[PDB]
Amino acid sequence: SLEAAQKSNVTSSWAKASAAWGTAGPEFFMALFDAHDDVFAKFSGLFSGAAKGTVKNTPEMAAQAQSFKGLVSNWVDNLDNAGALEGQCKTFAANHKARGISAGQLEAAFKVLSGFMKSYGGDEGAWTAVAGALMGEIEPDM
């Protein structure tokens, strides 16, 4: 399910993306929005009706990339701690469900992120495994 090597690659590659997140965060969001238009739709409120092509350098974009980074960092720091993962996962799921976001959409986001992490030395198979363990804690609450 999740080997020691897989955890190690996830933690290391995350430390590298994290040091670059000021520029990489918005690029990840754009990759996601281009791949899934239905995902972009859920942010219409935050972006005030603006077209997708115009959002990358907005102050809203910047805040949203910082939000994303703070939860991902928490999860990566607790890979050997199922109890801690479950708690964060529950809050996360409750807040997103309340917005009418589906388990399928969350899953799409983890897929885009696993591909994106190849740039920071991430093993896509290690990122996919981590996503499968997290989704197993989230799905039951969606």
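Residue numbers here begin at 1 and follow the sequence given.
In this crystal structure, the stretch out of 50-58 and 70-78 whose C-alpha atoms carry the higher mean B factor is 50-58. Checked against the record, the higher mean CA B factor of 33-41 and 108-116 lies with 33-41. Among all modelled residues in its chain, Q6 ranks in the middle third by Cα B-factor. For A63, the recorded CA temperature factor ranks within the highest third of the chain's modelled residues. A17: CA B factor in the lowest third of modelled residues in this chain (values from the PDB entry). Sorting the modelled residues of the chain by their CA temperature factor places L134 in the middle third. Ranked within its chain, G83 lands in the middle third, by CA B factor from the PDB record.
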